[PDB]
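Everything below belongs to start_38.tsv, which stores TSV, C-alpha atoms.
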```tsv
chain	number	residue	atom	x	y	z
Z	195	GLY	CA	127.24	60.02	66.89
Z	196	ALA	CA	126.08	62.36	64.14
Z	197	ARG	CA	127.65	64.97	61.86
Z	198	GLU	CA	125.57	68.02	62.77
Z	199	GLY	CA	128.39	69.73	64.64
Z	200	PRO	CA	132.10	70.65	64.65
Z	201	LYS	CA	133.17	67.12	65.56
Z	202	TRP	CA	130.53	65.33	67.62
Z	203	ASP	CA	128.96	67.73	70.12
Z	204	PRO	CA	128.46	71.36	69.01
Z	205	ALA	CA	127.05	72.17	72.45
Z	206	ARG	CA	130.38	71.46	74.15
Z	207	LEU	CA	131.65	74.52	72.28
Z	208	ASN	CA	132.19	77.70	74.29
Z	209	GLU	CA	131.48	81.38	73.60
Z	210	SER	CA	134.94	81.55	72.02
Z	211	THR	CA	135.14	78.18	70.27
Z	212	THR	CA	135.70	79.73	66.84
Z	213	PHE	CA	134.57	82.33	64.31
Z	214	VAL	CA	132.83	81.98	60.94
Z	215	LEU	CA	133.14	84.49	58.10
Z	216	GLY	CA	130.21	85.83	56.11
Z	217	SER	CA	131.20	84.24	52.81
Z	218	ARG	CA	129.95	80.87	51.55
Z	219	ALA	CA	128.16	80.59	54.89
Z	220	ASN	CA	124.89	79.76	53.13
Z	221	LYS	CA	126.28	76.27	52.53
Z	222	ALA	CA	126.48	75.32	56.21
Z	223	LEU	CA	123.08	76.97	56.57
Z	224	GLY	CA	121.52	75.40	53.49
Z	225	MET	CA	122.24	76.86	50.06
Z	226	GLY	CA	118.57	76.69	49.16
Z	227	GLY	CA	117.56	79.90	50.89
Z	228	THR	CA	116.72	83.53	50.18
Z	229	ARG	CA	118.17	85.97	52.71
Z	230	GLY	CA	119.30	84.34	55.94
Z	231	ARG	CA	117.47	83.15	59.05
Z	232	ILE	CA	120.59	84.24	60.93
Z	233	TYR	CA	120.09	87.85	59.87
Z	234	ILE	CA	116.37	87.79	60.66
Z	235	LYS	CA	115.27	84.84	62.78
Z	236	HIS	CA	118.30	85.42	65.01
Z	237	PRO	CA	118.12	89.14	65.87
Z	238	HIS	CA	120.34	88.40	68.87
Z	239	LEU	CA	123.10	86.69	66.89
Z	240	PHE	CA	126.47	88.23	67.75
Z	241	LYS	CA	128.25	89.64	64.71
Z	242	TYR	CA	131.72	91.18	64.40
Z	243	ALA	CA	132.33	93.42	61.39
Z	244	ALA	CA	135.63	92.66	59.66
Z	245	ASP	CA	137.53	95.95	59.77
Z	246	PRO	CA	139.62	97.07	56.77
Z	247	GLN	CA	142.84	96.33	58.65
Z	248	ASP	CA	141.72	92.88	59.80
Z	249	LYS	CA	140.53	91.91	56.32
Z	250	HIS	CA	144.22	91.63	55.42
Z	251	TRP	CA	144.65	88.68	57.79
Z	252	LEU	CA	141.21	87.17	57.21
Z	253	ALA	CA	141.96	87.19	53.48
Z	254	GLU	CA	144.76	84.70	54.15
Z	255	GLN	CA	142.36	82.37	55.95
Z	256	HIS	CA	139.60	82.84	53.37
Z	257	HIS	CA	141.98	82.45	50.43
Z	258	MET	CA	139.72	84.74	48.41
Z	259	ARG	CA	139.95	88.52	48.00
Z	260	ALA	CA	136.38	89.37	46.99
Z	261	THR	CA	136.17	93.07	46.16
Z	262	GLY	CA	132.43	93.04	46.76
Z	263	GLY	CA	129.34	90.94	46.18
Z	264	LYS	CA	128.70	90.38	49.88
Z	265	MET	CA	129.79	91.70	53.27
Z	266	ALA	CA	131.81	89.27	55.39
Z	267	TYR	CA	131.12	88.89	59.11
Z	268	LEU	CA	132.72	87.08	62.04
Z	269	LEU	CA	130.28	85.11	64.20
Z	270	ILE	CA	130.90	82.62	67.00
Z	271	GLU	CA	130.66	79.10	65.57
Z	272	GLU	CA	129.02	78.06	68.84
Z	273	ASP	CA	126.18	80.48	68.06
Z	274	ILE	CA	125.75	78.76	64.70
Z	275	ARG	CA	124.51	75.48	66.16
Z	276	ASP	CA	121.74	77.54	67.77
Z	277	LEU	CA	120.62	79.39	64.64
Z	278	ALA	CA	120.91	76.11	62.75
Z	279	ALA	CA	117.76	75.09	64.62
Z	280	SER	CA	115.78	77.81	62.84
Z	281	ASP	CA	112.45	77.18	61.11
Z	282	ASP	CA	114.19	76.35	57.83
Z	283	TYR	CA	117.73	75.43	58.85
Z	284	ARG	CA	116.07	72.89	61.14
Z	285	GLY	CA	117.58	69.67	59.80
Z	286	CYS	CA	118.15	71.04	56.31
Z	287	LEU	CA	119.26	68.60	53.61
Z	288	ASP	CA	121.89	71.20	52.74
Z	289	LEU	CA	122.87	71.85	56.35
Z	290	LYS	CA	126.48	70.99	57.17
Z	291	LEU	CA	127.75	72.91	60.20
Z	292	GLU	CA	130.71	70.51	60.23
Z	293	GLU	CA	132.07	72.50	57.28
Z	294	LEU	CA	131.45	75.91	58.85
Z	295	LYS	CA	135.12	76.62	58.16
Z	296	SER	CA	135.17	78.36	61.54
Z	297	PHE	CA	138.47	79.42	63.11
Z	298	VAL	CA	139.71	81.08	66.31
Z	299	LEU	CA	140.98	84.63	65.89
Z	300	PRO	CA	144.65	85.35	66.71
Z	301	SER	CA	145.90	87.13	69.83
Z	302	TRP	CA	146.09	90.24	67.65
Z	303	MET	CA	142.61	90.36	66.12
Z	304	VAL	CA	140.98	89.30	69.39
Z	305	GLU	CA	142.36	92.54	70.83
Z	306	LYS	CA	139.97	94.73	68.83
Z	307	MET	CA	137.34	91.99	68.90
Z	308	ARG	CA	137.22	92.12	72.70
Z	309	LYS	CA	137.06	95.90	73.13
Z	310	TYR	CA	134.53	95.92	70.29
Z	311	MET	CA	132.13	93.40	71.81
Z	312	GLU	CA	132.17	95.47	75.00
Z	313	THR	CA	130.20	98.04	73.01
Z	314	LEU	CA	127.33	95.62	72.44
Z	315	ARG	CA	127.93	93.85	75.76
Z	316	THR	CA	127.87	96.78	78.19
```
How would this structure read if it were set down as structure tokens?
Amino acid sequence: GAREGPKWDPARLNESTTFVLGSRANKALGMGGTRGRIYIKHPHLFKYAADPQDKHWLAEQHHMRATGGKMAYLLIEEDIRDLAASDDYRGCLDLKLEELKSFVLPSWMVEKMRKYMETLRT
């Protein structure tokens, strides 16, 4: 097998396999970039804004309370493998989805995450 996924097969992942923040994400998507093929090439890439109340919990998982610099975002890790096949991310020497640091939201956060998605789902 290869190491271009979470463990062996990134496709096996579901729509709720995990979530990836918006910090240090460039790494998994090649550090040698400019803006982000995920925020341009993937105009249909699901994105969940980290509310001010949720940030409290996410901060514990991120282990870094960045006042600013960049806006964090929660995206389905499964959707990453797709965007990873972009024009640039396509087999990038600095592409390591295995270290996407993705994680599944708790039964608490998912609450607002579900009702929220419904807005962009229906």
Do you know which residues are at most 8 Å from region 287-301 of chain Z counting all atoms listed in the file, after dropping those on the same chain fewer than 4 positions away, and could you put them as a PyMOL selection string?
-> chain Z and resi 197-201+210-215+219+221-226+271+274-275+278+283+305
Find the spatial neighbours of residue 209 (chain Z), counting only C-alpha atoms, within a cut-off of 8 Å - ignore same-chain residues fewer than 3 positions away - and output them as a list in words.
-> residues 270, 272 and 273 of chain Z
Pairwise distance, CA of residue 266 (chain Z) with CA of residue 281 (chain Z), equals 23.5 Å
Hey, what's within 8 Å of region 240-248 of chain Z if we count only C-alpha atoms and toss same-chain stuff fewer than 3 positions away? As a ChimeraX atom specification, please?
-> /Z:251-252,266-270,273,303,307,311
Of the candidates Z:202, Z:216, Z:309, Z:249, which shows the shortest atom-to-atom distance to residue 233 (chain Z), using only C-alpha atoms?
->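 Checking each candidate against residue 233 (chain Z), we get Z:216 as the closest.
Taking CA of residue 276 (chain Z) and CA of residue 205 (chain Z) as the two end points, the separation is 8.9 Å.
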Can you tell me, as a list in words, what residues are no more than 9 Å from residue 236 (chain Z) when counting all atoms listed in the file, ignoring any on the same chain fewer than 5 positions away?
->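 Contacts, with the query itself left out: residues 231, 277 and 280 of chain Z.
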In Å to one decimal, how far is CA of residue 254 (chain Z) from CA of residue 204 (chain Z)?
-> 25.8 Å
For residue 279 (chain Z), which residue out of Z:257, Z:235, Z:250, Z:229 is the nearest one, using all atoms listed in the file?
->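 Smallest separation from residue 279 (chain Z) among the options: Z:235.
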How big is the axis-aligned box around the listed atoms of region 238-248 of chain Z once 8 Å is added on each side, and where is its centre? Give both in Å to one decimal, as AutoDock Vina command-line options.
```
--center_x 131.6 --center_y 91.9 --center_z 62.8 --size_x 38.5 --size_y 26.4 --size_z 28.1
```
